[PDB]
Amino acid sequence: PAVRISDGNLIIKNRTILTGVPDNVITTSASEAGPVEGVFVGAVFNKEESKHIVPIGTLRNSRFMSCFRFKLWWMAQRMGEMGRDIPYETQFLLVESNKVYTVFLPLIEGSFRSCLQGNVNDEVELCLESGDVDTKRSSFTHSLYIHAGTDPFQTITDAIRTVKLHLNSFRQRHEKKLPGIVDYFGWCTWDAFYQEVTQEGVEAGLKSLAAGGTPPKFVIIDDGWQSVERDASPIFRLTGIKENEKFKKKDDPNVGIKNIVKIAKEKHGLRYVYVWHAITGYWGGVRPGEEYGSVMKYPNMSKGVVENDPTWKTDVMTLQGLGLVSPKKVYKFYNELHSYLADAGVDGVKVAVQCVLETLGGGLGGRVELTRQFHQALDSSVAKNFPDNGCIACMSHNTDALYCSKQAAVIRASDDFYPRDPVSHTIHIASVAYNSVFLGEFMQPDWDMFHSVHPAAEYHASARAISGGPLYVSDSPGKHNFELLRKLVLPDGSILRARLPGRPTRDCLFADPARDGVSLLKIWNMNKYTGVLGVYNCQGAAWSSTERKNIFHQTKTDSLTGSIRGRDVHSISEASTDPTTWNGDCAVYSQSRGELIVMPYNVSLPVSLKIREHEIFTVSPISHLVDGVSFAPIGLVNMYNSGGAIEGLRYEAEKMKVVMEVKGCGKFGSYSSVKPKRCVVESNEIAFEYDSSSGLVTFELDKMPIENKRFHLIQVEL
């Protein structure tokens, strides 16, 4: 039966994962389709309650990785071996058995949301909450799902699909439509002006970036554009749906945000303009009033949230409350805001402050209900007014929202980029990587803005390049490092986006690279015909379980040595043109060192990194045409994600020939065991270099493709 409870014990493929599973914990594998290869778990209690804690069993001697909410809004990672180490507000738990991997997915059921938490007895407790004292229940059958497999990533996906088939209240990442912003460079106003942003600042930032050769094709006009007011350090509330004075044209005050949209798009050649709002309008909601049925509500504190983030008790939102739009009028509110924005030429919204809803369900059916109602409405309005699916979810890491994520396709995957907080950089990289393991099953991760002139610029930039997600800076105008940005952005504003959410390697899933003092974090992704691997030292800082905030902590050495293997890129097979004959050998190109190495299957290459250093590798499967004649494309070697440039690849072994289609421009690189006879671009022979010791072939792709004809056609004649 595979996943089962027998005697006191949760058993997984003849391995005991939990002991002492109490009698009131019930399981079922029945479904709709029907017998399912894991188990839905619930329990029955004596009493009808709005909150229940129940032990699932005792976990000891089993390595795990967890994503837990360290703030209301956001998750980070914790590893361990003992149930006592499972944080409060654990929303995703992955367990390794010495090789089998078990996922634990705490779910929404009816009006209740679940999470996992550890106790001092090493039990894994299921915490069920409605978020409303009037919404009570005594039994549950589907509040947790457990599934096991031999591939850790496949095991997660398969369990999410099974959860999907049960709830039907969300779709998986790959089943949704990505907005077009994800293929272009962008700029966000946030760190440039904070709330002081003006239409003139927006223009100046766009102008300065395009001036250096790296033109953004989207912009996010961040927080500061909306009409907001304090009540008659006081919180601001939304007072109208239209822009404030800073975005009304300088002479004709009846033309509003449309002014800056036209300047962006018509004067500066941007494709997309997005704007920020809170899911409640502004931070203090909407000013009470009848138009949107807005009434003062005060955040309710839940124990697990406040245990991990005590400052949420005395947050400005908690003490001064929000004007919460009525459920009756929430569609009207979003439609009227969004119809105004779209008629002005706005293409999308970055919708922040998402999780507050879970704290405001008191009159209203609870956290799950209110969350669902507000997202149903938001989704109707976005699909109406922003039909490229122009929505970026922000501050949204609760399961209440994830399990109703039926449409939006991009999610901010960590706490904000913090230009002035030295502790935040290593932690940002670890958080985005680990969170993406789980968040990426729902939506494409967004690894946030960053600064091109900053001591950790390269660290952040290189991570964004391998993220799979949107690539955007928040530079103040004129504060740019164009040498860095050319590595990310082509002259037409396009980028070399990888295909998956960037994630830790199998190797790294259970070793905490922020806390263990021992390991390098390795992040893998895929292009069509290469893999890519980023390696990061992010030791020395993490969220402290004692101080309940991010701090520095002691590390044994400055420098650490780990190692790299082709097969660290978990799906590398899929880049091979002939994966049934491939022996697993890869060409491996270090983008910073400019070094090409051939790595046979399983051979390890040492990598040594000090804290806050990184290295990026393009990993390309070698094709063996005939004995002595081997090849692998690398791509645009002066860009971080070099392999992202390769759109087509055909080997013609009977002609000793390679045929590629390559986007972009700049220097193109490939591995060849032999010096080519001719490299031909667009039906003309060109000059090339060949290093005969490494096999590195090199030639220039001069200009972006003439037209419209979006790819360079390249033939390499061996």
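Start at 1 with the first residue shown and count on from there. Basically, rigid core = biggest C-alpha set you can superpose within 1.5 Å across the two forms.
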Self-check item: Of 671 to 679 and 33 to 41, which departs more from this form in 4 other deposited structures of this protein by CA RMS after core fitting
Solution: 33 to 41
Quiz item: Comparing C-alpha positions in 4 other deposited structures of this protein against this form, with the rigid core used for the fit, which stretch differs more, 655 to 663 or 24 to 32?
Solution: 24 to 32
Quiz item: At least a third of the other compared entries leaving residue 296 unmodelled, is that the case?
Solution: no
Quiz item: Is it true that residue 572 has no coordinates in a third or more of the other entries in the comparison?
Solution: no
Quiz item: What number of deposited residues lacks coordinates in the span between residue 232 and residue 233: none, 1 to 3, 4 to 9, or 10 or more?
Solution: 10 or more
Quiz item: Unmodelled deposited residues between residue 98 and residue 99: none, 1 to 3, 4 to 9, or 10 or more?
Solution: 10 or more
Practice problem: Could you check the entry and say whether 647 to 655 or 24 to 32 has the higher mean CA B-factor? | Solution: 24 to 32
Quiz item: Looking at the entry, does 76 to 84 or 435 to 443 show the higher mean C-alpha B-factor?
Solution: 76 to 84
Practice problem: Would you mind checking which of 132, 343, 347, 400 has the top Cα temperature factor in the PDB entry? | Solution: 132
Practice problem: Using the temperature factors in the entry, find which of 396, 591, 467, 198 has the highest value at its Cα atom. | Solution: 591
Practice problem: Within this chain's modelled residues, let me know which third the CA B factor of residue 687 belongs to: lowest, middle or highest. | Solution: highest
Quiz item: Sorting the chain's CA B-factors, does residue 499 end up in the lowest, middle or highest third?
Solution: middle
Quiz item: Thinking about Cα B factors across the chain, which third does residue 490 belong to?
Solution: highest
Exercise. Rank-wise, by C-alpha B-factor, drop residue 309 into the lowest, middle or highest third of its chain.
Key: middle
Quiz item: Going by what the PDB entry lists, where does residue 295 fall on CA B-factor within its chain: lowest, middle or highest third?
Solution: highest
